[PDB]
Structure formats: structure tokens, C-alpha cells
Amino acid sequence: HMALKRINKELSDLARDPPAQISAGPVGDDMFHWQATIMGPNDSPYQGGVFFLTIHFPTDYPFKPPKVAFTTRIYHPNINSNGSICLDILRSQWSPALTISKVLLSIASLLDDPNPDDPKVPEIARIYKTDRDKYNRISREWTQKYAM
Amino acid sequence: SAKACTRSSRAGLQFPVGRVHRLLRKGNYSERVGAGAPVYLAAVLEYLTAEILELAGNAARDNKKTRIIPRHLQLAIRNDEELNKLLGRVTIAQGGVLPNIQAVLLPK
Amino acid sequence: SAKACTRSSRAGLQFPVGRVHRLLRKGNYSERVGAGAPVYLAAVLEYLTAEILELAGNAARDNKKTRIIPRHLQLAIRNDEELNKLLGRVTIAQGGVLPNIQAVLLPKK
Amino acid sequence: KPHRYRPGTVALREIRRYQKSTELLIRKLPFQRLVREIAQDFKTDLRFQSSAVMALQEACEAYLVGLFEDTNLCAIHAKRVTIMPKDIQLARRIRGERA
Amino acid sequence: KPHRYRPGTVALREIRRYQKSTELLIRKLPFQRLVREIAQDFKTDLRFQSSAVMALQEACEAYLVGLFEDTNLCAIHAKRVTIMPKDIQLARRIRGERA
Amino acid sequence: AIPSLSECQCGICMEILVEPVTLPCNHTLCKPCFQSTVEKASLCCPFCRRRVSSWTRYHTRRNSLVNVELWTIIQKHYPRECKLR
Amino acid sequence: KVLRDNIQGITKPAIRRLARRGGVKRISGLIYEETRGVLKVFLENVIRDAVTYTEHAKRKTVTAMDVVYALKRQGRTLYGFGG
Amino acid sequence: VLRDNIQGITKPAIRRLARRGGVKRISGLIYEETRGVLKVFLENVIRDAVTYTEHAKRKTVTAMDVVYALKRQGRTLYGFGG
Amino acid sequence: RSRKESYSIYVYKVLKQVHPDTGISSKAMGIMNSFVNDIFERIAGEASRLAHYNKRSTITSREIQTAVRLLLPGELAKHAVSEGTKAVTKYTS
Amino acid sequence: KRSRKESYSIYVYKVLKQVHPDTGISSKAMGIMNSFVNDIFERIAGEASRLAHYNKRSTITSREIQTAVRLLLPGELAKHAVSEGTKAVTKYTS
DNA sequence: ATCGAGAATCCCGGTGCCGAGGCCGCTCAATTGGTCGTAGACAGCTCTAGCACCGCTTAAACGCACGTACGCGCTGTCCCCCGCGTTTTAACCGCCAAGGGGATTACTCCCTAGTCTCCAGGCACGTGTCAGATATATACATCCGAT
DNA sequence: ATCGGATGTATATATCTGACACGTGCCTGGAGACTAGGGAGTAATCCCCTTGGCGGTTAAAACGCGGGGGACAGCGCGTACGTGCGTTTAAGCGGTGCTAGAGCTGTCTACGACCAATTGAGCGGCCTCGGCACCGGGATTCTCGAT
Ligand SMILES: [Zn+2]
Ligand SMILES: [Zn+2]
């Protein structure tokens, strides 16, 4: 339907000018399921860390937001253990004009800095707002153990 | 929707769903209360509140102010076809009345 | 009282106290219901019924009839002062209207 | 030679005749057809109980009579005896029906 | 020689001024005294919260202002511009307050 | 001045505008996309993100939603794509 | 099997009889169309709520009780048909 | 004790109320009629307010009693609670 | 079949207590039933509102008395209150 | 201290910041909004309770509140309110 | 048709003050997890009454004609609201002072709900008869034209 | 002021028919006895906020006068509504036939209430700064008498 054409144009646009250090593509025979790879931003404790994400497109696109989930384990107040993501783009302020490139850029910006005001995990959020060295250290070992 | 977040965010609303559920359970309305009624009621209340507030803010911007006083609420309500019908028997304190002079009384 | 006979007879009423108690309990009005509320409510209902039936019977007897019909109920309600205010917004089916004509319309002398 | 009644002395008699009766004044089949026609927009192929039409008729006739009383009072206020559409409009406005 | 406004052109100015404001048009102390005097019949040694009097004042003013619109409409319907007590009586009867 | 085909592309379905509606923010999009957005999205402009509930409610009762002036232009100038879809 | 122009069945004599019961001695010639319009508005207002009530109950027949409920909801209590 | 306080609703106040109501010309017998109808309205509202107060075993007439009395008569008021 | 309850027999008993020689039709009986149901609903609802306003969970006789005083007009309210108080006092002993 | 008193102020302010991200609100206006929300809640809940009692039920479901909204609101407010509530319930379920 | 003078209202710039909005601590109510009793969703059968059609009366509706009374416009009179000026009265504001009663907390006790058992009161069904509606023939109130 | 038609309403008598009042079977809902616990009554304390008084200043009310515009009454016209008669129309009544759908019964499965642990959302108390109120001066615009 319209969703198939929209996703095809989305893939074409992503191919024309791929963004910085992120790469998404269809998993296989169908365009509905996607997989993406993200690099840790330079101004972050996730240096050289590869992260994998899975994207599921609801059949009623673009009027319903896609659902993205982390595949690897990351230390961040906005990501739960199983890969759940807390972001306003995916659930709250989604409009049909948005693109997968836009949500990926939003995820990258989330990796740039966290949002402790409304966190998914409050304990690591308060420890992050208490001290900096502990979070940076533990994120370093998390990205050295799981990301790399 | 996936669980493990507050109830009022799964529905995408701003008005509380737990408070509305409790007010419906203890309000002496019915013996049992369904699981989807609070969501629907909160959505309706939020829609009506946004509907009133948008017109009130428009009137406030018309009057060169950056604040909403009861006069702006009265202006927003009375100048709308359906909102006036909904709040017809309701008096708003410090709201005044709309300007309207009958054409017979004007000078000729 | 003697705590022996029926509650309606114990309180000296004709309207049921047990039925009113059940209706108050199952009507979704409050969590609990006192033991004297049905008696009070039944007494009030019986008083109002007796008042309207008395006035309607008077209206029927003034019309050389031995049965109350909705017209007599309408006449009794409209003619009275308090019962017309209590039933201001109520429509009685097959009740008609109270006869009056504005004095302007009557023929000139 | 033939008998003729003065204008207004037969209409002052129908008032007494129709204020002493309780019968319905609108014919039943046309009103039932009007009710069935009106209820076609909201839901198609409905069925009406024999009492639903009667309830609607007895409510609507009473409403019309109550409106006509206020219309007559409005006409009398303007120092007339006949009732114009503007009397109905003023009565409806003051009652709050149209505002 | 002194400048004088013709009758009716200052009443319109007051109409435009008072329909633009939102204040209370009755003095507060006389209204509070009237409220207390009226309430002294039902129960003695009553005390009134400072906002109960304000609520009563707002309700009374919003009632009188709404009554005067119907009174003016009755007066205009009677082909006049001066409102008279019979206009108030007709408006109250049609509304349902007098009957 | 007349718009071209490239500048007459809907921002949602990426097709030719049909029965277009122009929101008060001077943002235009075709009627089916507008109805789907109002039914399932947040009831705002998908681009501007401003409340248009009152405007839609007031203009639905009079069937004045469509932009006839540009609708006729699109229906006349470019029959091929509009007739095809 | 649709119906049309059945508001003309509320004839002039019927409106005159309703006015006579109301207490009207003289009637103008334009009263009848106004009365028909008011009649239509009132009937639509009542029947909309009656049909809503009967649709919530998963029925295809409108009962006397639905009409009574709609009238009571609109502020005109009716006696004699139940409730 | 207080008596004859209905005359504190002066002629200028009634004129201001009429002007806000949209009245251009006022006769001379309006003021007494307005005083009477306002007195009736005040009695009707205050009676229910005092009944609500007396049920709660209180001696102070709160704003909640006034709001409930007004709402009981189809005259809902916004701004003082509720 | 299903049985439908009504206040018909009690209304007839009151009628024979007031006017021993007058009967009643069927439509008048239906109107009486509707009137009794309406007054029951009014008084019970107002009593519930009074109980809720004061943070109570019980509907006692004083709340019914206050509801009666608020609903009925002057003389009707006075006589209804007197009759209800008499009935409760006679019932309690 | 003074006992806690719940109100709808926070959510009204949130909605206000959603619709007009540069406009404040007074305190009297906030009280009026709170009263309006309470009144509409009571109206819809009472209508739904009566509607459920009519059909001999024991539960207030989304259907009852939907029909109450259809009854109470005017012609065009009801459609949009029903659409918003249906969208909210659909989003909440899945 | 207009020119111009006196009065009222809106615009603009500067000053100040208080309440609107953001922040911090915390207490309790909303969320999660698990269990269980029952409400209502669905399938199946019955039999009620809602719908459609047909023919016969005759009651109400409709169209037309005449005439007349009432709605509406015009003119005249007078008197009562309105606009303005000066004087008198008390409302509004800021301040201080006392205590009445509203609001919260703790303890207790007794009133009401839930459960089981039992039986009679009120509901459905059937029947007989008399109150009231209908038909018919007088008696009188009422209306309208004419001196 | 009536006088006498002419019409319509009210009154009295026969009659017969269907709805009202009463009687019978029974089955479901109300009464009776018992136990448990939480809601409400009562006493005590705290402190908020309601009532009362005093002095000043000044905005609003009261009183009075001149007059002009609006309310009210009287005349005249002509047209629109009422009353009556004859013709066409479709309501009202009875009777028959069919079936859609309301109404009731039996199973059972998923939904909602209860309960215990927990912790974050939302409330109360504080504090600061900008939006709005106010003042002083000027520009603009209705208004009215004179042409
Ligand atoms: Zn599109
Ligand atoms: Zn836009």
C-alpha cells in the first residue's frame, strides 16, 4: 500500500545522503523489518562502540510510529535492559512528516547527552546527577565488554 | 502499547488516569468499573480543556496580553457555537458580557 | 414497638419499608444505608400520594364521576399551589389544560 | 336573511370546546409518518413500538400548546389580539430555546 | 453657549463603557448588610465567610444583567425604547420565574 | 505565477494533491492524508505542529475544508497524474 | 420506500386547534410555517436522543421507555407511559 | 439587628446594571420592581445556603454552601471552588 | 415470564383510606406509579449528594430530612417532615 | 500542616504549555478551569451511571462513556471528543 | 449637503510592586504481582407484536366568496427622563485587637453488612358485572338584527 | 333600552359492553438470628479568620433645574382574516397473514476486585523577577450648533 512506497522512498533517501556513523537497511525479503548500526559519538564515553538496533514498521505507516529496540546492552538511563527506549519522538510528539533518518539522529543526540528529568531507570539517573566519574567508568567497561 | 511506564503515558494523555480511575471507583457511580473507561474519560476531558485554552489564548493575544484572565475565558466561550451551548447555564465570575447594542437604539 | 409484626405495620405505614430499603441499598447511592432512612422516605411518599389522591378524588366527585382519570389528576395538580410548583416541568398524559381566557379577548359590553 | 355569526364569536367558542377536552388534536397517521421520516437520518430501517409514537405525540402537542400560550401573551403585550411569527420568535428567545 | 450633549448620546457611552469592563456594579457594604439582614430570618447568630458574600454578589449581578436583556427585548417588541415594569413582568412570566 | 509539478507534492504520501486542504499555517496537503492524520495522529499540523482542532471543527460544518481555487488548477493543468490516481 | 414531505400532514386546521387550546382568538397567515419549523426542530431533538438510547442497547426497535428517557433528559418529564 | 437595607441598592447601581444589560432609556418605576425581584432571588438562594450550613452542624456559611445552592437551581457558578 | 414490581396495591390502599367510595382507572394508576418513582429518585439522589458533601458513607434519617426540606416547597416540606419524624419515632419503639 | 487538596492545575498548565508555549495563566482562570473539569467529569460519569443502570448492568465500560459523550456534547464537539477517546483507548491497548 | 470648537478616548513612555513560576523536601497513593469468584458474551429456542395489504364509511380537509374590523401609519400634545452643576453622605483603605469556631487527632463502641434458613406477600391469570359512553328527545341560555 | 327568531348547549332516560375489582396458586424476596469490624460519636487542643472600632480622603450619591424627545391618544384606510357552503380526499376501522426480533435459558471464559510491598508523583512552603497597573503628556476622533 502507501506504506510500501513510503518505505521505498525512505530507503532511497537514506542511500542518497547517509548520515554520520549510522547505517540502516532492510533485514531481508520484506521492507517492513529493518536493522541499523550506530557508532558512539566522539564526545561521549561510547568511543568506538558499535550498537545494533531493530526497527519494526506498523502496517499503517506513516500515521503510526515505528518501534525501535536496542540489540546490544548499553549503560544509559534512557534504555532499559531488554532494549526499551524512552524518547518523545517515538511515542509522544510523532508526526507523519518525520523520517527514520530523523529518529536515528534523535537517538544519536540522546547518546550525546541523557535526560535525567524523565528517566527510564531512576537509580542510574540519580547516580549520574550525583557524580560523573562512576558513570563514565562503568559505561567504559560496558562498551568494552558488550559493544566491543 | 508496551508496559513498564506510567498509565497516562501509554495512552499519550496528560490528564491522570489513575486519579480518574479512583474517582470513578469511589464516586458511587456503579458497582464495577471497566479498565478502559478512565482512559476514554481522561481523553475527553483533556480534549475539552485544550479546546477552551486555545481560544482563550487567542483572545489574550488579541488583547495584547501574555496571560489569561476570566474575561478571556468568557470571550472564548461565548463567541463559539458549540461551547456556548455546552456552557449555557454556567456563570463565569469576573467575565462580563459581550458588547451588543440593538440597532433600534443607535442614533440616526 | 413490639418488634413482631411487619416493618410497614410496625411504623404504621402502608407503603413498603423493606422494598424501599432494598431499592436504597441496590440503587448505587452510598456505601451504607441507615436503619431509619426507608421509614422516613416511605412516610414522605405515602403523604404525597395521599395528598394528590385526596385532591383528585375531590375533583372527580365535583364532576359526578366515581373514578379518577388523568384529567382529574391534572386538575388537582394545576389548581393547587405547592403541587403545581413541585410538578412544574411534568406533563400528564391525557390531562388537557386548565381552562382560562385572557380578559382582553372577551366581547365588549 | 340567513344566520351569520359576528366575527370572533365562533372562535371564542372553540376555545371553550378545546380547553374542556383531553383528546389529541393532530391526526395520527400523518404524525406517525413524520416521525418515521425524521428517524431515517440517524439510523436506517428502525421499528417503532406502538407506544413510542404515542409518547412522542403527547409530548409534542403539549409543547406546542405551551408555546402558543406564550405567543398569545406576547401578542397581547404589543396591544394586539392576533399572533405574528415575531411573537413566536420572541417567546422562543426569552424561553432560551434558540438564544 | 455652554456645550450640552443631546439626550440619549451619553447613555450609549455608558452602555459601551460598562459592557467592556468586568467589575461589580453594586457597592459592597450595602450588599453585605442586605445579605445579613435577609439571612437573619432563617437562623440567628450566623457568620458569613468573606467569599460567600462575594459569590452571592456575583450571582445576583449576573442574574440582574441577564434579566435586563429580556426586559429590553420586550420593550423593543412593544415598539418602545423605555423599559417599564410590565416588560419585567412579561419576561419573568415567559421565563418561568413568575407564572 | 503558476506552481510546477515538483512543488505540488504532498509531504505525507508523496503523490499529487487531491482535494487539498490548507491549514491556517499556510501548509497544504491532500484530504485523505488530513483525515488519516486527524483520525490517528495528534490532531495538529504534521509540519508546523500547531493546534488546528477549532479550525477543523468550524470548517467541517460548512464543507469549506477543500481549497477549490487550487483544486481546479491542479485538476485542469495536470490531468494525467490526477486521473491515474 | 423512503418518505418525503410528510410535514405537510400537520395541516392548518390542526395548528388552529392547537392554538385554540392554547387560548388564541385570532391567528395570522404566516403562523403555520413557523409552527411546522418549530415542530420539526423539537421532533429532531427528541428522536436523536431516543435513537442513541436504542442503539446503545443493541436493539432495532425504539421503545416507549427510550422516548421517556430522552424526554426526561431534555427536561420534559412525561407521565403515563412508564418510568 | 438590621432593617431597611434594601434601599442601599441605589438608583445609580440599578442604572449601571441596566446599562451593562444594554438599556438606553429607563422609566421611573423600574427601581422598585428591581429591588423586589432581587430580594426574592436573594431569599431563594440564601435559604438553601443556610439549609446546607445547618445540615453540616456549622455556624459559618462557607462559599461551598452558596455554590451548592446556586448549582441546585440551574445557576452554576465558576470561580469560587466546586 | 418475568414479574414486574409496582406501587399499585399501596396506592389503592391509600386511595381507599382517603376516599372509600371512589375507584381509579389504569392510566391514572400508571401516572401515580411514575410520580412515586420520580419523587423517590429525587429525594434519594439529593440525600446521596448531601452524604457525599460531608465526607460520609451512610444515608441516615437526617439526610433524608434535609433532602425533603430542600426539595419540597414550604407547607409540603413541613408536613412531610412531620409525618416522617412521626413514622420513625413510632417505628423505633 | 494544612491537609493535602488535589486539583487539576498541573495538567491544565501542561495542556496550556502544549497549545500556547508562550502564554501564562492567572489564578482565577486556573480555578475556573478546575471547576469546568470537575463539572464535565460529574456530568459524563452520572450520565454513564444512569445509562448502565437502564440496561441492568453492573459495569461502566468505554461504551457507556462513549454514549454519554454522544448525548451530552453538542453536534460537532461530540464527534471530535469520541475520536480522541477512541484513539486514546486504541493507543493504550496496544 | 459642510467648517470648526469643546469634549472624550486611545497611544506612548517611565516607574514600581506583587503574584506567577520554578525549586526542594517528603509522605502516601498509584503501580506491580498474584489469586479467585462471577458477569456477561454467545449460542439456541419461543412466541409477540410490528408490518403490510384490502375494502367501506364518512369525517375532516380544501377551495371559494363576502364583508368587515383590526393592524398600521400619521399627527398632535404634554410631561417626564436626561444631562449638567453643586452639596452632602458614607464607602473604601489601612490599622489594631480579641476570641469563636473550624479543623485535626486519639479512643472506643455499636450499627450495619454478610450469611444461612424459612415462609408468606405480592404477582400472573381468570372471571363476573356495573359505570360510563352512545343514542334520542326536550328545555333553556345566548346571540344577532331592529326600533 | 327589548323584542322575537335561530342556534347551540345542557338535561333526562334507556342500554349494553368492556374495563375494573376480586379471588386462587405459588415462588421469590423479605424477615429472623448471629457474628465481625470499621465508621462515626465524643473529648481536647490549636490557631485561623471573622467581627468590631477608629481616622481620613474622596469617589459616588442626592438634590434641583431646563427642555426636548418619546409615550399615549385619536382618525382614517384597506386589506387580511373570520364565517359559511359545497366538493374532494384520505383517515379510521375491521380483518388476515407473515415473520423480524425482543425475551429467556444454559455454559464458560476472561475480566475486575482484594491484598501486600514499594517508591516516585504531586502537594506544601519559599523566593525572586518580569508583566501588568498607574500616571503624565499628546494625538486622534466622535459630537453639536451654525452655516
Ligand atoms: Zn498525501
Ligand atoms: Zn503547517
# chains A, B, ... in the order shown; residues from 1 in each chain; ligands from 1
>>> residues_near_ligand(ligand="ligand 2", cutoff="6 Å", atoms="only C-alpha atoms (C1' of nucleotides) and all ligand atoms", output="ChimeraX atom specification")
/F:25,27,45,47-48
>>> residues_near_ligand(ligand="ligand 1", cutoff="12 Å", atoms="only C-alpha atoms (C1' of nucleotides) and all ligand atoms", output="ChimeraX atom specification")
/A:2-3,6,62-63,96-97 /F:8-21,28-37,46,85
>>> write_last_selection(atoms="N, CA and C atoms", output="mmCIF file, in the first residue's frame")
data_model
loop_
_atom_site.group_PDB
_atom_site.id
_atom_site.type_symbol
_atom_site.label_atom_id
_atom_site.label_comp_id
_atom_site.auth_asym_id
_atom_site.auth_seq_id
_atom_site.Cartn_x
_atom_site.Cartn_y
_atom_site.Cartn_z
ATOM 1 N N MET A 2 0.353 2.318 0.629
ATOM 2 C CA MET A 2 1.121 3.553 0.741
ATOM 3 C C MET A 2 2.367 3.364 1.596
ATOM 4 N N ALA A 3 2.298 2.478 2.592
ATOM 5 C CA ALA A 3 3.442 2.251 3.468
ATOM 6 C C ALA A 3 4.632 1.699 2.697
ATOM 7 N N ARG A 6 6.205 4.517 0.741
ATOM 8 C CA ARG A 6 6.867 5.440 1.657
ATOM 9 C C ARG A 6 8.191 4.870 2.149
ATOM 10 N N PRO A 62 2.594 6.256 7.376
ATOM 11 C CA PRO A 62 3.372 6.843 8.475
ATOM 12 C C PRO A 62 2.534 7.297 9.670
ATOM 13 N N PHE A 63 1.224 7.056 9.632
ATOM 14 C CA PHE A 63 0.345 7.585 10.667
ATOM 15 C C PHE A 63 0.556 6.926 12.026
ATOM 16 N N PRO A 96 3.477 12.513 11.091
ATOM 17 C CA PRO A 96 3.784 11.767 9.860
ATOM 18 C C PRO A 96 4.893 12.377 9.021
ATOM 19 N N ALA A 97 5.227 13.652 9.227
ATOM 20 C CA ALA A 97 6.287 14.279 8.447
ATOM 21 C C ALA A 97 7.672 13.765 8.814
ATOM 22 N N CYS F 8 4.194 20.676 -6.203
ATOM 23 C CA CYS F 8 2.832 20.242 -5.910
ATOM 24 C C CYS F 8 2.814 18.803 -5.402
ATOM 25 N N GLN F 9 3.769 18.461 -4.543
ATOM 26 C CA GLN F 9 3.902 17.117 -3.998
ATOM 27 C C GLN F 9 3.502 17.122 -2.529
ATOM 28 N N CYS F 10 2.588 16.226 -2.164
ATOM 29 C CA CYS F 10 2.171 16.104 -0.775
ATOM 30 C C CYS F 10 3.332 15.620 0.083
ATOM 31 N N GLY F 11 3.454 16.191 1.276
ATOM 32 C CA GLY F 11 4.541 15.839 2.163
ATOM 33 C C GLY F 11 4.372 14.550 2.928
ATOM 34 N N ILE F 12 3.221 13.893 2.809
ATOM 35 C CA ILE F 12 2.929 12.663 3.542
ATOM 36 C C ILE F 12 2.954 11.448 2.618
ATOM 37 N N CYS F 13 2.075 11.419 1.618
ATOM 38 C CA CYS F 13 2.008 10.296 0.693
ATOM 39 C C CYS F 13 2.897 10.469 -0.531
ATOM 40 N N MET F 14 3.519 11.639 -0.698
ATOM 41 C CA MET F 14 4.428 11.910 -1.814
ATOM 42 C C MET F 14 3.758 11.661 -3.164
ATOM 43 N N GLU F 15 2.498 12.079 -3.281
ATOM 44 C CA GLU F 15 1.758 11.974 -4.533
ATOM 45 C C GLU F 15 1.195 13.333 -4.925
ATOM 46 N N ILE F 16 0.327 13.359 -5.930
ATOM 47 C CA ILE F 16 -0.283 14.604 -6.383
ATOM 48 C C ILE F 16 -1.471 14.933 -5.490
ATOM 49 N N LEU F 17 -1.571 16.201 -5.095
ATOM 50 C CA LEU F 17 -2.613 16.626 -4.169
ATOM 51 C C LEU F 17 -3.999 16.380 -4.754
ATOM 52 N N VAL F 18 -4.877 15.789 -3.948
ATOM 53 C CA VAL F 18 -6.269 15.559 -4.319
ATOM 54 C C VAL F 18 -7.159 16.112 -3.214
ATOM 55 N N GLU F 19 -8.140 16.925 -3.599
ATOM 56 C CA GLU F 19 -8.996 17.645 -2.662
ATOM 57 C C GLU F 19 -8.169 18.324 -1.566
ATOM 58 N N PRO F 20 -7.221 19.184 -1.937
ATOM 59 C CA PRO F 20 -6.266 19.689 -0.947
ATOM 60 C C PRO F 20 -6.930 20.558 0.108
ATOM 61 N N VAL F 21 -6.389 20.481 1.319
ATOM 62 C CA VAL F 21 -6.777 21.343 2.428
ATOM 63 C C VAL F 21 -5.545 22.122 2.864
ATOM 64 N N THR F 28 -0.292 23.032 3.061
ATOM 65 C CA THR F 28 -1.316 22.341 2.289
ATOM 66 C C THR F 28 -0.991 20.859 2.169
ATOM 67 N N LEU F 29 -2.035 20.033 2.210
ATOM 68 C CA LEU F 29 -1.877 18.601 1.990
ATOM 69 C C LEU F 29 -3.225 18.015 1.599
ATOM 70 N N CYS F 30 -3.183 16.849 0.961
ATOM 71 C CA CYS F 30 -4.389 16.273 0.383
ATOM 72 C C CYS F 30 -5.345 15.784 1.468
ATOM 73 N N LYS F 31 -6.621 15.682 1.091
ATOM 74 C CA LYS F 31 -7.670 15.341 2.051
ATOM 75 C C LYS F 31 -7.494 13.975 2.706
ATOM 76 N N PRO F 32 -7.203 12.884 1.980
ATOM 77 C CA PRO F 32 -7.054 11.590 2.676
ATOM 78 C C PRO F 32 -5.966 11.594 3.733
ATOM 79 N N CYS F 33 -4.835 12.248 3.459
ATOM 80 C CA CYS F 33 -3.781 12.351 4.462
ATOM 81 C C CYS F 33 -4.254 13.150 5.668
ATOM 82 N N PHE F 34 -4.996 14.233 5.430
ATOM 83 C CA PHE F 34 -5.522 15.035 6.530
ATOM 84 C C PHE F 34 -6.463 14.218 7.403
ATOM 85 N N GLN F 35 -7.358 13.453 6.777
ATOM 86 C CA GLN F 35 -8.310 12.658 7.545
ATOM 87 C C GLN F 35 -7.607 11.555 8.325
ATOM 88 N N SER F 36 -6.626 10.891 7.712
ATOM 89 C CA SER F 36 -5.893 9.857 8.435
ATOM 90 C C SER F 36 -5.115 10.449 9.604
ATOM 91 N N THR F 37 -4.508 11.623 9.405
ATOM 92 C CA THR F 37 -3.765 12.271 10.481
ATOM 93 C C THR F 37 -4.689 12.673 11.624
ATOM 94 N N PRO F 46 1.154 18.270 10.716
ATOM 95 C CA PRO F 46 2.318 17.373 10.788
ATOM 96 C C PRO F 46 3.642 18.094 10.627
ATOM 97 N N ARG F 85 -4.385 8.368 -10.545
ATOM 98 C CA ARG F 85 -4.609 8.009 -9.150
ATOM 99 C C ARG F 85 -5.822 8.741 -8.587
#
>>> closest_atom_pairs(of="chain C", to="chain E", cutoff="12 Å", atoms="only C-alpha atoms", output="JSON lines")
{"residue": "C:78", "atom": "CA", "partner": "E:99", "partner_atom": "CA", "distance": 11.8}
{"residue": "C:81", "atom": "CA", "partner": "E:99", "partner_atom": "CA", "distance": 11.2}
{"residue": "C:84", "atom": "CA", "partner": "E:99", "partner_atom": "CA", "distance": 10.5}
{"residue": "C:85", "atom": "CA", "partner": "E:99", "partner_atom": "CA", "distance": 9.9}
{"residue": "C:88", "atom": "CA", "partner": "E:96", "partner_atom": "CA", "distance": 9.3}
{"residue": "C:89", "atom": "CA", "partner": "E:96", "partner_atom": "CA", "distance": 10.1}
>>> atom_distance(atom1="CA of residue 19 (chain J)", atom2="CA of residue 53 (chain B)")
7.6 Å
>>> interface_residues(of="chain B", to="chain F", cutoff="12 Å", atoms="only C-alpha atoms", output="list in words")
residues 11, 12, 13, 43, 47, 48, 50, 51, 52, 53, 54, 55, 56, 57, 58, 76, 80, 81, 82 and 83 of chain B
>>> closest_residue(among="K:45, K:120, K:20, K:11", to="chain J", atoms="only C-alpha atoms (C1' of nucleotides)")
K:20
>>> residues_around(residues="residue 31 (chain B)", least_positions_apart="6", cutoff="9 Å", atoms="only C-alpha atoms (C1' of nucleotides)", output="ChimeraX atom specification")
/B:25 /C:28 /J:58-60
>>> residues_around(residues="residue 61 (chain C)", least_positions_apart="6", cutoff="10 Å", atoms="only C-alpha atoms (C1' of nucleotides)", output="list in words")
residues 55, 67, 68 and 72 of chain C; 22 of chain I
>>> closest_atom_pairs(of="chain D", to="chain K", cutoff="9 Å", atoms="only C-alpha atoms (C1' of nucleotides)", output="Markdown table")
| residue | atom | partner | partner_atom | distance |
| --- | --- | --- | --- | --- |
| D:3 | CA | K:144 | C1' | 8.5 |
| D:4 | CA | K:144 | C1' | 8.3 |
| D:5 | CA | K:144 | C1' | 7.7 |
| D:6 | CA | K:144 | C1' | 8.0 |
| D:7 | CA | K:69 | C1' | 8.6 |
| D:9 | CA | K:143 | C1' | 8.9 |
| D:47 | CA | K:50 | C1' | 7.4 |
| D:48 | CA | K:50 | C1' | 7.9 |
| D:49 | CA | K:50 | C1' | 7.4 |
| D:50 | CA | K:50 | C1' | 8.3 |
| D:80 | CA | K:71 | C1' | 8.1 |
| D:81 | CA | K:70 | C1' | 8.9 |
>>> atom_distance(atom1="CA of residue 24 (chain A)", atom2="CA of residue 137 (chain A)")
29.3 Å
>>> residues_around(residues="residue 48 (chain L)", least_positions_apart="4", cutoff="10 Å", atoms="only C-alpha atoms (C1' of nucleotides)", output="list in words")
residues 101, 102 and 103 of chain K
>>> select_by_dssp(residues="chain E", states="strand (DSSP E)", output="MDAnalysis selection string")
chainID E and resid 47:48 82:83
>>> write_last_selection(atoms="N, CA and C atoms", output="short mmCIF file (atom, residue, chain, number, x, y, z; two decimals), in the first residue's frame")
data_model
loop_
_atom_site.label_atom_id
_atom_site.label_comp_id
_atom_site.auth_asym_id
_atom_site.auth_seq_id
_atom_site.Cartn_x
_atom_site.Cartn_y
_atom_site.Cartn_z
N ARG E 47 -22.58 33.48 60.82
CA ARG E 47 -21.34 34.07 60.36
C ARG E 47 -21.14 33.72 58.90
N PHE E 48 -20.67 34.68 58.12
CA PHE E 48 -20.52 34.52 56.68
C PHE E 48 -19.04 34.57 56.32
N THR E 82 -38.14 52.81 26.06
CA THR E 82 -38.16 52.90 27.51
C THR E 82 -38.65 51.58 28.09
N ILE E 83 -37.88 51.02 29.02
CA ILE E 83 -38.30 49.80 29.70
C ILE E 83 -39.21 50.17 30.86
#
>>> closest_residue(among="I:49, I:56, I:78, I:13", to="chain J", atoms="only C-alpha atoms")
I:49
>>> interface_residues(of="chain I", to="chain H", cutoff="10 Å", atoms="only C-alpha atoms", output="PDB file with C-alpha atoms, in the first residue's frame")
ATOM      1  CA  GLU I  46     -30.281  14.636  46.917  1.00  0.00           C
ATOM      2  CA  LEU I  50     -25.662  15.573  50.930  1.00  0.00           C
ATOM      3  CA  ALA I  51     -23.869  12.496  52.271  1.00  0.00           C
ATOM      4  CA  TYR I  53     -20.589  16.637  50.503  1.00  0.00           C
ATOM      5  CA  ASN I  54     -19.907  15.965  54.204  1.00  0.00           C
ATOM      6  CA  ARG I  62     -31.394  13.364  58.993  1.00  0.00           C
ATOM      7  CA  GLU I  63     -30.031  13.403  55.436  1.00  0.00           C
ATOM      8  CA  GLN I  65     -34.985  15.096  56.215  1.00  0.00           C
ATOM      9  CA  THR I  66     -32.605  17.693  54.768  1.00  0.00           C
ATOM     10  CA  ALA I  67     -33.288  16.428  51.239  1.00  0.00           C
ATOM     11  CA  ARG I  69     -36.617  20.233  53.187  1.00  0.00           C
ATOM     12  CA  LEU I  70     -34.570  21.202  50.121  1.00  0.00           C
ATOM     13  CA  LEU I  71     -36.878  19.638  47.509  1.00  0.00           C
TER      14      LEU I  71
END
>>> decode(residues="region 29-40 of chain I", atoms="N, CA and C atoms", output="short mmCIF file (atom, residue, chain, number, x, y, z; two decimals), in the first residue's frame")
data_model
loop_
_atom_site.label_atom_id
_atom_site.label_comp_id
_atom_site.auth_asym_id
_atom_site.auth_seq_id
_atom_site.Cartn_x
_atom_site.Cartn_y
_atom_site.Cartn_z
N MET I 29 -53.45 5.03 37.46
CA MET I 29 -52.55 4.23 38.29
C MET I 29 -51.12 4.27 37.75
N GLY I 30 -50.96 4.19 36.42
CA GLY I 30 -49.64 4.32 35.84
C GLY I 30 -49.01 5.67 36.11
N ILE I 31 -49.81 6.73 36.03
CA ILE I 31 -49.31 8.07 36.33
C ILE I 31 -48.87 8.16 37.79
N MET I 32 -49.64 7.55 38.69
CA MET I 32 -49.26 7.54 40.10
C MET I 32 -47.95 6.79 40.32
N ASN I 33 -47.78 5.65 39.64
CA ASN I 33 -46.53 4.90 39.75
C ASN I 33 -45.35 5.74 39.28
N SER I 34 -45.51 6.43 38.15
CA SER I 34 -44.44 7.29 37.65
C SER I 34 -44.12 8.40 38.63
N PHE I 35 -45.15 9.01 39.23
CA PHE I 35 -44.93 10.09 40.19
C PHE I 35 -44.15 9.60 41.40
N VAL I 36 -44.53 8.44 41.94
CA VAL I 36 -43.85 7.90 43.11
C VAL I 36 -42.39 7.59 42.78
N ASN I 37 -42.15 6.98 41.62
CA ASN I 37 -40.77 6.68 41.23
C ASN I 37 -39.95 7.95 41.08
N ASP I 38 -40.53 8.99 40.47
CA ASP I 38 -39.80 10.24 40.28
C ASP I 38 -39.43 10.88 41.61
N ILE I 39 -40.37 10.91 42.56
CA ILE I 39 -40.08 11.53 43.85
C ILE I 39 -39.04 10.72 44.61
N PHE I 40 -39.14 9.38 44.55
CA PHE I 40 -38.12 8.53 45.16
C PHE I 40 -36.74 8.87 44.61
#
